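Trainee: PDB, C-alpha atoms, saved as structure-v6.pdb, coming up:
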```
ATOM      1  CA  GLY A   1     -45.668  16.767  72.974  1.00  0.00           C
ATOM      2  CA  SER A   2     -43.103  14.353  71.557  1.00  0.00           C
ATOM      3  CA  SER A   3     -41.067  13.341  74.607  1.00  0.00           C
ATOM      4  CA  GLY A   4     -39.563  10.396  76.461  1.00  0.00           C
ATOM      5  CA  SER A   5     -41.625   9.360  79.476  1.00  0.00           C
ATOM      6  CA  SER A   6     -43.734   6.519  80.875  1.00  0.00           C
ATOM      7  CA  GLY A   7     -46.762   5.938  78.666  1.00  0.00           C
ATOM      8  CA  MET A   8     -50.360   6.121  79.865  1.00  0.00           C
ATOM      9  CA  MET A   9     -53.519   4.071  79.323  1.00  0.00           C
ATOM     10  CA  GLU A  10     -57.149   5.075  79.856  1.00  0.00           C
ATOM     11  CA  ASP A  11     -60.335   3.002  79.994  1.00  0.00           C
ATOM     12  CA  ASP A  12     -62.209   3.370  76.705  1.00  0.00           C
ATOM     13  CA  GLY A  13     -63.473  -0.001  75.514  1.00  0.00           C
ATOM     14  CA  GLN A  14     -61.375  -3.152  75.232  1.00  0.00           C
ATOM     15  CA  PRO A  15     -61.872  -5.017  71.927  1.00  0.00           C
ATOM     16  CA  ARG A  16     -64.060  -8.129  71.934  1.00  0.00           C
ATOM     17  CA  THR A  17     -64.203  -8.846  68.200  1.00  0.00           C
ATOM     18  CA  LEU A  18     -61.679 -10.680  66.026  1.00  0.00           C
ATOM     19  CA  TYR A  19     -61.371 -11.101  62.258  1.00  0.00           C
ATOM     20  CA  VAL A  20     -60.855 -14.638  60.962  1.00  0.00           C
ATOM     21  CA  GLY A  21     -59.408 -15.014  57.478  1.00  0.00           C
ATOM     22  CA  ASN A  22     -57.986 -17.744  55.255  1.00  0.00           C
ATOM     23  CA  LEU A  23     -60.835 -20.129  56.068  1.00  0.00           C
ATOM     24  CA  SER A  24     -61.314 -23.298  54.018  1.00  0.00           C
ATOM     25  CA  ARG A  25     -64.514 -23.692  52.000  1.00  0.00           C
ATOM     26  CA  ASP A  26     -65.254 -26.493  54.465  1.00  0.00           C
ATOM     27  CA  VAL A  27     -65.077 -24.195  57.491  1.00  0.00           C
ATOM     28  CA  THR A  28     -68.437 -23.128  58.913  1.00  0.00           C
ATOM     29  CA  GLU A  29     -69.831 -20.722  61.510  1.00  0.00           C
ATOM     30  CA  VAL A  30     -70.579 -23.600  63.882  1.00  0.00           C
ATOM     31  CA  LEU A  31     -67.119 -25.099  63.389  1.00  0.00           C
ATOM     32  CA  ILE A  32     -65.351 -21.859  64.307  1.00  0.00           C
ATOM     33  CA  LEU A  33     -67.556 -21.348  67.365  1.00  0.00           C
ATOM     34  CA  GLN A  34     -66.637 -24.883  68.426  1.00  0.00           C
ATOM     35  CA  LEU A  35     -62.871 -24.355  68.283  1.00  0.00           C
ATOM     36  CA  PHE A  36     -63.079 -20.867  69.785  1.00  0.00           C
ATOM     37  CA  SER A  37     -65.607 -22.084  72.355  1.00  0.00           C
ATOM     38  CA  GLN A  38     -63.004 -24.480  73.751  1.00  0.00           C
ATOM     39  CA  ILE A  39     -61.047 -21.408  74.844  1.00  0.00           C
ATOM     40  CA  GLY A  40     -63.838 -19.040  75.835  1.00  0.00           C
ATOM     41  CA  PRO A  41     -67.516 -18.115  75.383  1.00  0.00           C
ATOM     42  CA  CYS A  42     -68.424 -16.721  71.963  1.00  0.00           C
ATOM     43  CA  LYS A  43     -71.100 -14.020  71.874  1.00  0.00           C
ATOM     44  CA  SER A  44     -71.770 -14.475  68.157  1.00  0.00           C
ATOM     45  CA  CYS A  45     -70.026 -15.477  64.929  1.00  0.00           C
ATOM     46  CA  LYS A  46     -70.740 -14.165  61.431  1.00  0.00           C
ATOM     47  CA  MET A  47     -69.186 -15.951  58.453  1.00  0.00           C
ATOM     48  CA  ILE A  48     -68.855 -13.683  55.418  1.00  0.00           C
ATOM     49  CA  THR A  49     -68.085 -15.199  52.017  1.00  0.00           C
ATOM     50  CA  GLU A  50     -69.002 -12.267  49.775  1.00  0.00           C
ATOM     51  CA  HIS A  51     -65.500 -12.137  48.294  1.00  0.00           C
ATOM     52  CA  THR A  52     -64.932 -15.245  46.174  1.00  0.00           C
ATOM     53  CA  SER A  53     -61.643 -14.166  44.598  1.00  0.00           C
ATOM     54  CA  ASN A  54     -59.922 -14.579  47.966  1.00  0.00           C
ATOM     55  CA  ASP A  55     -60.542 -17.008  50.825  1.00  0.00           C
ATOM     56  CA  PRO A  56     -63.619 -16.416  53.023  1.00  0.00           C
ATOM     57  CA  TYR A  57     -63.614 -14.785  56.459  1.00  0.00           C
ATOM     58  CA  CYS A  58     -65.694 -14.795  59.644  1.00  0.00           C
ATOM     59  CA  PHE A  59     -66.018 -12.609  62.738  1.00  0.00           C
ATOM     60  CA  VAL A  60     -65.784 -13.905  66.306  1.00  0.00           C
ATOM     61  CA  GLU A  61     -67.040 -11.817  69.225  1.00  0.00           C
ATOM     62  CA  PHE A  62     -66.222 -12.807  72.806  1.00  0.00           C
ATOM     63  CA  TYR A  63     -67.880 -11.842  76.091  1.00  0.00           C
ATOM     64  CA  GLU A  64     -64.692 -10.421  77.602  1.00  0.00           C
ATOM     65  CA  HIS A  65     -61.390  -9.060  76.288  1.00  0.00           C
ATOM     66  CA  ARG A  66     -59.391 -11.731  78.115  1.00  0.00           C
ATOM     67  CA  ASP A  67     -61.141 -14.438  76.095  1.00  0.00           C
ATOM     68  CA  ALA A  68     -60.842 -12.615  72.770  1.00  0.00           C
ATOM     69  CA  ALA A  69     -57.119 -12.084  73.332  1.00  0.00           C
ATOM     70  CA  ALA A  70     -56.557 -15.682  74.430  1.00  0.00           C
ATOM     71  CA  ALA A  71     -58.532 -17.140  71.526  1.00  0.00           C
ATOM     72  CA  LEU A  72     -57.022 -14.614  69.116  1.00  0.00           C
ATOM     73  CA  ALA A  73     -53.445 -15.682  69.842  1.00  0.00           C
ATOM     74  CA  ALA A  74     -54.385 -19.356  70.119  1.00  0.00           C
ATOM     75  CA  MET A  75     -56.308 -19.201  66.840  1.00  0.00           C
ATOM     76  CA  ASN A  76     -53.895 -16.676  65.331  1.00  0.00           C
ATOM     77  CA  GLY A  77     -52.576 -18.629  62.360  1.00  0.00           C
ATOM     78  CA  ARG A  78     -53.931 -21.932  63.649  1.00  0.00           C
ATOM     79  CA  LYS A  79     -54.262 -25.068  61.522  1.00  0.00           C
ATOM     80  CA  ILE A  80     -57.885 -25.926  60.744  1.00  0.00           C
ATOM     81  CA  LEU A  81     -59.035 -28.494  58.183  1.00  0.00           C
ATOM     82  CA  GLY A  82     -55.518 -28.511  56.766  1.00  0.00           C
ATOM     83  CA  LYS A  83     -55.763 -24.763  56.219  1.00  0.00           C
ATOM     84  CA  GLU A  84     -54.027 -22.173  58.397  1.00  0.00           C
ATOM     85  CA  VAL A  85     -56.500 -19.519  59.545  1.00  0.00           C
ATOM     86  CA  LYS A  86     -55.378 -15.981  60.371  1.00  0.00           C
ATOM     87  CA  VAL A  87     -56.892 -14.189  63.367  1.00  0.00           C
ATOM     88  CA  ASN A  88     -56.373 -10.503  64.144  1.00  0.00           C
ATOM     89  CA  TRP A  89     -58.043  -7.724  66.134  1.00  0.00           C
ATOM     90  CA  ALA A  90     -61.008  -6.418  64.144  1.00  0.00           C
ATOM     91  CA  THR A  91     -60.368  -2.669  64.219  1.00  0.00           C
ATOM     92  CA  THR A  92     -63.205  -0.212  63.606  1.00  0.00           C
ATOM     93  CA  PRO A  93     -63.489   3.491  62.687  1.00  0.00           C
ATOM     94  CA  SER A  94     -65.980   3.921  65.529  1.00  0.00           C
ATOM     95  CA  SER A  95     -63.193   5.259  67.743  1.00  0.00           C
ATOM     96  CA  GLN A  96     -62.566   8.979  67.251  1.00  0.00           C
ATOM     97  CA  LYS A  97     -59.298   9.407  69.150  1.00  0.00           C
ATOM     98  CA  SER A  98     -56.440   8.460  66.826  1.00  0.00           C
ATOM     99  CA  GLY A  99     -52.724   8.683  67.544  1.00  0.00           C
ATOM    100  CA  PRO A 100     -50.306   6.223  65.901  1.00  0.00           C
ATOM    101  CA  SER A 101     -46.577   5.928  66.596  1.00  0.00           C
ATOM    102  CA  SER A 102     -43.419   6.545  64.567  1.00  0.00           C
ATOM    103  CA  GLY A 103     -40.583   4.106  63.946  1.00  0.00           C
TER     104      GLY A 103
END
```
Re-express the file's structure as C-alpha cells.
Mentor:
Amino acid sequence: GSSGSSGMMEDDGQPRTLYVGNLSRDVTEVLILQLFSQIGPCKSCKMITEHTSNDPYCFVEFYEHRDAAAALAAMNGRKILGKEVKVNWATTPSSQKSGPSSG
C-alpha cells in the first residue's frame, strides 16, 4: 500500500557473490583471489571469458556478506594491471519476492 512510513527489512539471504568485469587479458583467477583475499576470505572464483567481443569477467564469492561488501566497494572500479575493473552485486533470479521502487 503506497504510503510514507519507516521501511522494513527481513532476513532472507545476504549476497555473497560479486561480478567482476572489465578485466585485462592479463588478469587471472589467482590474481583476483589475491587482491580480494587481502580484504577477506574468498570461497571461490570463476573467471569467464566466453564473450570475446567485450572484456572478460569473473565471479568472486565471499564467506560472509561483510567481506563481499567491503571487497566489492574496495574493488568497485579499482585499478588493476593498468585496467580499471568494475565490481557489482551479482544479482540472481533465484529470489521470488520482487518489489522495486519508483523515482
Trainee: Can you list what the PyMOL selection byres ((chain A and resi 61) around 10) grabs from this structure, as a PyMOL selection string?
Mentor: chain A and resi 15-19+33+36+41-46+59-60+62-65+67-68+90
Trainee: Taking all atoms listed in the file into account, name the residue in A:49, A:101, A:89, A:94 that is nearest to residue 25 in chain A.
Mentor: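 Of the candidates, the smallest distance to residue 25 in chain A is held by A:49.
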Trainee: Got a sec to resolve the PyMOL selection byres ((chain A and resi 53-55) around 12) on this structure and send the residues as number ranges by chain?
Mentor: A: 20-27, 47-52, 56-58, 83-86
Trainee: Once the PyMOL selection byres ((chain A and resi 72) around 8) has been evaluated on this model, what residues remain selected, and can you format them as a PyMOL selection string?
Mentor: chain A and resi 18+68-71+73-76+87-89
Trainee: Pick from A:66, A:97, A:78, A:38: nearest to residue 12 in chain A, with only C-alpha atoms counted?
Mentor: A:97
Trainee: Quick check, in Å to one decimal: how far apart do CA of residue 3 in chain A and CA of residue 103 in chain A lie?
Mentor: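 A separation of 14.1 Å between them.
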Trainee: So how many Å separate CA of residue 5 in chain A and CA of residue 102 in chain A, to one decimal?
Mentor: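 Separation between CA of residue 5 in chain A and CA of residue 102 in chain A: 15.3 Å.
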Trainee: Hey, can you check how far CA of residue 80 in chain A sits from CA of residue 14 in chain A?
Mentor: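 According to the coordinates, CA of residue 80 in chain A and CA of residue 14 in chain A are separated by 27.2 Å.
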Trainee: Output, as JSON, the centre and edge lengths in Å (one decimal) of the axis-aligned box that contains all listed atoms of range 69-76 of chain A with 3 Å of margin on each side.
Mentor:
```
{"center_x": -56.0, "center_y": -15.7, "center_z": 69.9, "size_x": 11.1, "size_y": 13.3, "size_z": 15.1}
```
